[PDB]
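To start, the structure itself, in structure tokens.
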Amino acid sequence: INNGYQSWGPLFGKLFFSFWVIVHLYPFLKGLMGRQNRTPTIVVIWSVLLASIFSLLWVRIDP
Amino acid sequence: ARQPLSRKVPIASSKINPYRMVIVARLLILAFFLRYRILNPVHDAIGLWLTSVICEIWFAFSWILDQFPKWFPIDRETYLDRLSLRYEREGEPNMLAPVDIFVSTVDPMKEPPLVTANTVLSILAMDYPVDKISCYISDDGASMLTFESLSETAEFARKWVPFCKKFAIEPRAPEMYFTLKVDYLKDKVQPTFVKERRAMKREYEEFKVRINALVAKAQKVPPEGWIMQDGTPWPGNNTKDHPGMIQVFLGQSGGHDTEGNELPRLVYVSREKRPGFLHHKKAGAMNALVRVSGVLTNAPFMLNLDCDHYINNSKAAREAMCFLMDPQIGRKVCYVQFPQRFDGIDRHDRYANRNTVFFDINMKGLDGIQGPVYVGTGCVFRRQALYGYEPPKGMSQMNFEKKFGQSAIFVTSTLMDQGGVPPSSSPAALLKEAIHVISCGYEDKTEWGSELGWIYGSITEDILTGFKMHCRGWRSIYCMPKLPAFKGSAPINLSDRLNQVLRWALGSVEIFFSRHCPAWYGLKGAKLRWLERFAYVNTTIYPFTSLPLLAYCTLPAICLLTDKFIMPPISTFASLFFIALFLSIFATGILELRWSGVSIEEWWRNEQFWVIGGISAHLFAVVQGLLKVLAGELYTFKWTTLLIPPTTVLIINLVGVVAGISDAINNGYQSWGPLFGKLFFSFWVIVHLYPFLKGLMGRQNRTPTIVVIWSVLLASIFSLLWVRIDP
Amino acid sequence: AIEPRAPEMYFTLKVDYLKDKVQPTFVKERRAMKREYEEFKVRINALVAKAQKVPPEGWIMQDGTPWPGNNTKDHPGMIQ
Ligand SMILES: OC[C@H]1O[C@@H](O[C@H]2[C@H](O)[C@@H](O)[C@H](O)O[C@@H]2CO)[C@H](O)[C@@H](O)[C@@H]1O
Ligand SMILES: OC[C@H]1O[C@@H](O[C@H]2[C@H](O)[C@@H](O)[C@H](O)O[C@@H]2CO)[C@H](O)[C@@H](O)[C@@H]1O
């Protein structure tokens, strides 16, 4: 968000590394916390995404 | 020797105080946000703002009404060992209090005889002193099919009961025992169990064949009329005109079983129904049963059941006597209520059949105040409470004759404090007078149905029946056995589900319109605690919340099509409380599921079914209620026509989303800000509305189909393209 | 009045088999016929196993004269 395309390059590799770690870590927790197939629930994951969005908004307004 | 036979354990203090604190914080935040909405106008367009603020006021009031009576939830656990030690102590005659069980059968054409026979067999094979139970079956239709089915069941019971008693069977119902996937030798130890079980399965199959043959024979009506075995024709030939008729099976006069222990009595009743008098669908039959029992065999307590509901745990009555027989904490209890558990439900809850939130949160947390509300079936009442008498410890015959009947024998039978029968003793007088008690003009100059027994309401009479006695000084009590006490069949398809919610909502609406309304019934005199009044008001005015809801479902899209504003936006002041409201609600839900034990999936199933069923049938029930009231088509509607308001709302919201996308196309970043909230509101509405329609229209998991949804998206894209080219 | 009238496709139905049957003797005779069908299956499986091994000189009929179908590509017409 702070980037103005001039720094759009280097962070791609860091995003890739963090994404590799997250993809390795996440499915086991998905299986543990959810008794249903695919996604555990629906509205709870949606609200977790909502809370993350509002938290990053509050982080941005107070950098 | 002096222990209580039950104990009320409060929920753990560590797992409840944060819940209460979050409730208080949410109250404060909601009040402040509501003040902010009231203070701030809009000026640009006040109509939408006024509609939205009114909807949110009504939602806040409904939230208060629903959430306040959840303070101090409790659980109860019982000690059957002390009960058996102090009442069933060896060397003396057994002193457990007797009961009668009431099964009401309407018409075999919708309730197969096998289902009713399963309930009768489960009742007969109960664990309790045999000389202290009796079953009363009220056949409304006076049909002979149920009569012959009971004659068959009274013959199969002589084999089913001793085998069930010896080996301690879990369900004690034949079809629900021989159709268990679990292994049937998990804990059985008797050497002869296998051979006798394999000998009894064949007998049950032969009984099924006999019942199927009886149904087939009864399927064809004869011209002149039905014929009884003796010779005289069946008195129920004319369904709308037949005399009263009662018969007795399996009693002391009837033969013993295989071992030699006589069976519990099974009396079949059918009240006379002359044409030209008002007959009530279910309260009348129960009142007739209550009045017959007083003459035949009087019992302090009585249990009631539906045909489809059988007895799973064999000690349910024995587990209710620990509550109803203690002189200490049971002297002022009017009934014991069990939760409704259903069998055959799928792992996925297609349309909220499990009802976890109600029976697990609301009634468990309402047990702390005068006990729960009387649902339909599965509840043990105290006889002396139905007569209208207040709880104890703080010439003439004419007032008794006004109060209930002009039958001297039954009036005398009611004056006995606990049990016992009038000193006539001779069966001739009792069996000749119990047919007089079910006459068609008995409840005329009396108080039956208006102050005693089951209240003659409109469509549903259970809630009024419970509330009439809660309005006095009576308590009720809730019970959750580890092994479910009563399990019942579940509705098959969604059409019956929608008809069912319509019937419940209409019953509540009509309750909200009589002198028995919880809002202002018996304000003076008190005897009813305020929290119970709030609970009854919630249970009464729940359908009306669907009136503002529709408006609040459409208002976002309404502003999205043109105005695209609801309130002026200020990030410094409003945003903090706006986020805090959702945070408080989420914390409330988390702490609900912390102590309730309700799964996340069931929680959201109920949460979305709130709106889904509210916008489908509750506004309809309101339309019937108001139309009928103003009167002073009408019958059940088609299943399809019930679901057109939610579809219309979802279509309008999707069109609004498309219009917002078109505006974003027209937007040049200068207007990229304000529409985010409107998109969020419309998205909330769409997410609430959509999954039920997904489940309905698709028979496959996840997405219904593939190419059809893809082509719907394609058509939407081309439609928005044509809208853009012609703005 | 059986629905499929084929043994393997009748005794392998998940649906309940007493839905509309009314005759008193149905259960015993059905449970007596299932065993006969199983024994017939055993006999067929035995015949297949015996026929799986080809003899050198050729097949033999019960009466005595050999089976005319020993040479699959040259055999006279035969009806029974
Ligand atoms: O805790 C869920 C609870 O929500 C109630 O309505 C909420 C909901 O957030 C929304 O309808 C409105 O904006 O706010 C109210 C305030 O709680 C709903 O009425 C309850 O049935 C439900 O249990
Ligand atoms: O469960 C039987 C009982 O249901 C009542 O409707 C409930 C409904 O089950 C629940 O999901 C909702 O939250 O509350 C309503 C109001 O109690 C119905 O009103 C009764 O007539 C019925 O006996």
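How things are named: the first chain in the structure tokens is A, the next is B, and so on; residues count from 1 in each chain; ligands count from 1 in the order shown.
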
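When the distance limit is 12 Å and only C-alpha atoms are what count, the residues near residue 72 in chain C, minus those fewer than 5 positions from it on the same chain, are residues 58, 59 and 67 of chain C.
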
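The residues of chain A lying at most 9 Å from chain B, with only C-alpha atoms taken into account, are residues 36, 40, 41, 42, 43, 44, 47, 51 and 54 of chain A.
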
How would you report the residues lying within 10 Å of ligand 2, as a compact mmCIF listing (two decimals) with C-alpha atoms, in the first residue's frame, if you count only C-alpha atoms and all ligand atoms?
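Full text of result38.txt as output:
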# COMPACT_ATOMS: atom_id res chain seq x y z
CA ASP B 66 -33.71 -12.48 23.69
CA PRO B 339 -35.58 -31.75 25.30
CA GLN B 340 -36.86 -32.92 21.94
CA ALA B 352 -32.17 -26.57 10.84
CA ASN B 353 -33.87 -29.70 12.16
CA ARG B 354 -31.52 -30.27 15.10
CA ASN B 355 -32.65 -27.14 17.02
CA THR B 356 -29.46 -26.98 19.09
CA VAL B 357 -29.63 -23.29 20.02
CA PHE B 358 -33.09 -23.45 21.59
CA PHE B 359 -32.92 -26.67 23.63
CA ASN B 362 -32.24 -20.79 25.71
CA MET B 363 -34.01 -23.40 27.83
CA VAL B 373 -41.64 -23.39 28.61
CA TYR B 374 -43.90 -26.34 27.87
CA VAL B 375 -43.19 -27.61 24.36
CA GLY B 376 -45.40 -30.14 22.62
CA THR B 377 -44.53 -33.67 23.73
CA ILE B 459 -53.70 -23.63 16.76
CA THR B 460 -50.96 -24.38 19.32
CA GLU B 461 -52.09 -24.73 22.94
CA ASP B 462 -48.90 -25.91 24.67
CA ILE B 463 -47.42 -22.49 25.45
CA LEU B 464 -50.67 -21.13 26.89
CA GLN B 500 -44.46 -26.26 10.41
CA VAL B 501 -42.78 -22.88 10.92
CA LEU B 502 -45.84 -21.17 9.45
CA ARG B 503 -48.09 -23.01 11.91
CA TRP B 504 -45.90 -22.17 14.91
CA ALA B 505 -45.59 -18.51 13.90
CA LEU B 506 -49.34 -18.19 13.32
CA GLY B 507 -50.05 -19.77 16.70
CA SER B 508 -47.75 -17.24 18.33
CA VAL B 509 -49.38 -14.38 16.40
CA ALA B 535 -38.95 -14.88 27.80
CA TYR B 536 -42.65 -15.32 27.03
CA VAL B 537 -42.72 -11.93 25.27
CA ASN B 538 -39.79 -13.09 23.13
CA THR B 539 -41.51 -16.39 22.34
CA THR B 540 -44.64 -14.40 21.40
CA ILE B 541 -43.23 -11.51 19.34
CA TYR B 542 -40.45 -13.38 17.53
CA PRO B 543 -42.33 -13.46 14.15
CA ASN B 606 -29.30 -21.37 13.24
CA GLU B 607 -27.95 -17.84 12.78
CA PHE B 609 -31.85 -19.77 9.30
CA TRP B 610 -33.01 -16.87 11.48
CA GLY B 613 -37.10 -18.49 7.77

Hey, which bits of chain B sit within 6 Å of ligand 1, and for each residue what's the closest pair of atoms and how far apart in Å (one decimal), counting only C-alpha atoms and all ligand atoms, rows by chain and increasing number, as JSON lines?
{"residue": "B:59", "atom": "CA", "partner": "ligand 1", "partner_atom_place_in_ligand_line": "15 (C)", "distance": 5.3}
{"residue": "B:60", "atom": "CA", "partner": "ligand 1", "partner_atom_place_in_ligand_line": "16 (C)", "distance": 5.2}
{"residue": "B:62", "atom": "CA", "partner": "ligand 1", "partner_atom_place_in_ligand_line": "19 (O)", "distance": 5.8}
{"residue": "B:63", "atom": "CA", "partner": "ligand 1", "partner_atom_place_in_ligand_line": "17 (O)", "distance": 4.6}
{"residue": "B:585", "atom": "CA", "partner": "ligand 1", "partner_atom_place_in_ligand_line": "1 (O)", "distance": 5.9}

Residues as selected, C-alpha atoms, written as a JSON list (two decimals), in the first residue's frame, can you do that?
[["chain", "number", "residue", "atom", "x", "y", "z"],
["B", 59, "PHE", "CA", -33.47, -5.13, 16.27],
["B", 60, "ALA", "CA", -31.87, -3.75, 19.45],
["B", 62, "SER", "CA", -35.37, -7.83, 20.12],
["B", 63, "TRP", "CA", -31.75, -8.45, 21.11],
["B", 585, "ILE", "CA", -21.06, -9.54, 18.98]]

Considering only C-alpha atoms, tabulate each residue of chain B that lies at most 8 Å from chain C along with its nearest interatomic pair and the corresponding distance in Å to one decimal; arrange the rows by chain and ascending residue number and present them as a tab-separated table.
residue	atom	partner	partner_atom	distance
B:205	CA	C:27	CA	7.6
B:206	CA	C:24	CA	7.0
B:208	CA	C:18	CA	7.7
B:209	CA	C:22	CA	5.3
B:210	CA	C:22	CA	6.6
B:212	CA	C:22	CA	5.7
B:213	CA	C:22	CA	4.6
B:216	CA	C:22	CA	7.9

For those residues, write N, CA and C atoms to a file as a CSV table (one decimal), in the first residue's frame.
chain,number,residue,atom,x,y,z
B,205,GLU,N,-40.6,-59.8,13.0
B,205,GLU,CA,-40.9,-59.7,11.6
B,205,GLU,C,-42.3,-60.2,11.3
B,206,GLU,N,-42.7,-61.3,12.0
B,206,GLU,CA,-44.1,-61.8,11.8
B,206,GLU,C,-45.1,-60.8,12.2
B,208,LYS,N,-44.7,-57.6,12.1
B,208,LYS,CA,-44.8,-56.6,11.0
B,208,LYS,C,-45.6,-57.1,9.9
B,209,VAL,N,-45.5,-58.4,9.5
B,209,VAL,CA,-46.3,-58.9,8.4
B,209,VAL,C,-47.8,-58.8,8.8
B,210,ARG,N,-48.1,-59.2,10.0
B,210,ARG,CA,-49.5,-59.1,10.4
B,210,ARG,C,-50.1,-57.7,10.3
B,212,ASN,N,-49.0,-55.2,8.4
B,212,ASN,CA,-49.1,-54.9,7.0
B,212,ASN,C,-50.3,-55.5,6.3
B,213,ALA,N,-50.7,-56.8,6.8
B,213,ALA,CA,-51.9,-57.4,6.3
B,213,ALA,C,-53.1,-56.7,6.8
B,216,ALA,N,-53.6,-53.5,4.7
B,216,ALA,CA,-54.1,-53.9,3.3
B,216,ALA,C,-55.6,-54.2,3.4

Please provide as a ChimeraX atom specification all residues within 9 Å of residue 82 in chain B, with the sequence filter that same-chain residues fewer than 3 positions apart are discarded (counting only C-alpha atoms).
-> /B:1,3-5,79,85-87,322

Find the residues around residue 140 in chain B up to 8 Å (only C-alpha atoms counted), leave out those fewer than 6 positions away in its own chain, and share them as number ranges by chain.
-> B: 104-107, 270-271, 285

Could you save the residues just selected, with N, CA and C atoms, as a PDB file, in the first residue's frame?
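New file result_12.pdb:
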ATOM      1  N   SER B 104     -51.858 -39.608  21.868  1.00  0.00           N
ATOM      2  CA  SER B 104     -52.951 -39.098  21.049  1.00  0.00           C
ATOM      3  C   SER B 104     -52.678 -39.434  19.589  1.00  0.00           C
ATOM      4  N   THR B 105     -53.569 -40.216  18.985  1.00  0.00           N
ATOM      5  CA  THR B 105     -53.469 -40.608  17.587  1.00  0.00           C
ATOM      6  C   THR B 105     -54.596 -39.943  16.809  1.00  0.00           C
ATOM      7  N   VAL B 106     -54.249 -39.304  15.693  1.00  0.00           N
ATOM      8  CA  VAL B 106     -55.220 -38.548  14.910  1.00  0.00           C
ATOM      9  C   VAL B 106     -55.848 -39.438  13.845  1.00  0.00           C
ATOM     10  N   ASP B 107     -55.035 -39.893  12.891  1.00  0.00           N
ATOM     11  CA  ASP B 107     -55.523 -40.577  11.708  1.00  0.00           C
ATOM     12  C   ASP B 107     -54.424 -41.516  11.234  1.00  0.00           C
ATOM     13  N   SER B 270     -62.278 -43.428  22.927  1.00  0.00           N
ATOM     14  CA  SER B 270     -62.738 -42.641  21.790  1.00  0.00           C
ATOM     15  C   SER B 270     -63.974 -41.867  22.220  1.00  0.00           C
ATOM     16  N   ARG B 271     -63.828 -40.553  22.350  1.00  0.00           N
ATOM     17  CA  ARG B 271     -64.915 -39.695  22.792  1.00  0.00           C
ATOM     18  C   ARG B 271     -65.978 -39.564  21.710  1.00  0.00           C
ATOM     19  N   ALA B 285     -58.987 -33.752  23.350  1.00  0.00           N
ATOM     20  CA  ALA B 285     -58.657 -35.155  23.583  1.00  0.00           C
ATOM     21  C   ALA B 285     -57.867 -35.332  24.873  1.00  0.00           C
TER      22      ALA B 285
END

Please run DSSP on the backbone and report, as number ranges by chain, all residues within range 351-466 of chain B that come out as alpha helix (DSSP H).
-> B: 356-357, 363-366, 383-386, 397-403, 408-414, 427-437, 462-466

I need the residues from that last selection saved to file as a PDB file, in the first residue's frame (with C-alpha atoms), if you can.
ATOM      1  CA  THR B 356     -29.460 -26.983  19.094  1.00  0.00           C
ATOM      2  CA  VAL B 357     -29.626 -23.294  20.020  1.00  0.00           C
ATOM      3  CA  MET B 363     -34.014 -23.397  27.829  1.00  0.00           C
ATOM      4  CA  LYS B 364     -30.900 -24.451  29.759  1.00  0.00           C
ATOM      5  CA  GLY B 365     -30.223 -20.821  30.661  1.00  0.00           C
ATOM      6  CA  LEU B 366     -33.904 -20.208  31.366  1.00  0.00           C
ATOM      7  CA  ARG B 383     -52.306 -33.552  38.203  1.00  0.00           C
ATOM      8  CA  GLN B 384     -53.068 -31.168  41.073  1.00  0.00           C
ATOM      9  CA  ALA B 385     -51.575 -28.291  39.050  1.00  0.00           C
ATOM     10  CA  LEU B 386     -53.798 -28.782  35.990  1.00  0.00           C
ATOM     11  CA  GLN B 397     -70.806 -29.087  45.785  1.00  0.00           C
ATOM     12  CA  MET B 398     -72.179 -26.297  43.561  1.00  0.00           C
ATOM     13  CA  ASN B 399     -68.858 -24.488  43.131  1.00  0.00           C
ATOM     14  CA  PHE B 400     -67.223 -27.793  42.223  1.00  0.00           C
ATOM     15  CA  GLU B 401     -69.966 -28.352  39.644  1.00  0.00           C
ATOM     16  CA  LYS B 402     -69.273 -24.967  38.064  1.00  0.00           C
ATOM     17  CA  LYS B 403     -65.514 -25.538  38.227  1.00  0.00           C
ATOM     18  CA  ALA B 408     -70.069 -36.504  41.340  1.00  0.00           C
ATOM     19  CA  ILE B 409     -67.671 -39.457  41.066  1.00  0.00           C
ATOM     20  CA  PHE B 410     -65.000 -37.526  39.161  1.00  0.00           C
ATOM     21  CA  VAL B 411     -65.400 -34.481  41.422  1.00  0.00           C
ATOM     22  CA  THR B 412     -64.841 -36.699  44.462  1.00  0.00           C
ATOM     23  CA  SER B 413     -61.877 -38.347  42.699  1.00  0.00           C
ATOM     24  CA  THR B 414     -60.220 -34.923  42.339  1.00  0.00           C
ATOM     25  CA  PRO B 427     -65.688 -51.764  38.218  1.00  0.00           C
ATOM     26  CA  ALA B 428     -69.280 -51.611  36.936  1.00  0.00           C
ATOM     27  CA  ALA B 429     -69.955 -48.047  38.098  1.00  0.00           C
ATOM     28  CA  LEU B 430     -66.529 -46.790  37.006  1.00  0.00           C
ATOM     29  CA  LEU B 431     -66.755 -48.379  33.546  1.00  0.00           C
ATOM     30  CA  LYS B 432     -70.335 -47.121  33.131  1.00  0.00           C
ATOM     31  CA  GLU B 433     -69.495 -43.565  34.238  1.00  0.00           C
ATOM     32  CA  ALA B 434     -66.172 -43.027  32.434  1.00  0.00           C
ATOM     33  CA  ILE B 435     -68.227 -43.255  29.224  1.00  0.00           C
ATOM     34  CA  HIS B 436     -70.506 -40.531  30.629  1.00  0.00           C
ATOM     35  CA  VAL B 437     -67.487 -38.297  31.321  1.00  0.00           C
ATOM     36  CA  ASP B 462     -48.896 -25.913  24.671  1.00  0.00           C
ATOM     37  CA  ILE B 463     -47.419 -22.492  25.450  1.00  0.00           C
ATOM     38  CA  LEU B 464     -50.668 -21.135  26.885  1.00  0.00           C
ATOM     39  CA  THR B 465     -51.079 -24.315  28.942  1.00  0.00           C
ATOM     40  CA  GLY B 466     -47.647 -23.848  30.504  1.00  0.00           C
TER      41      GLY B 466
END
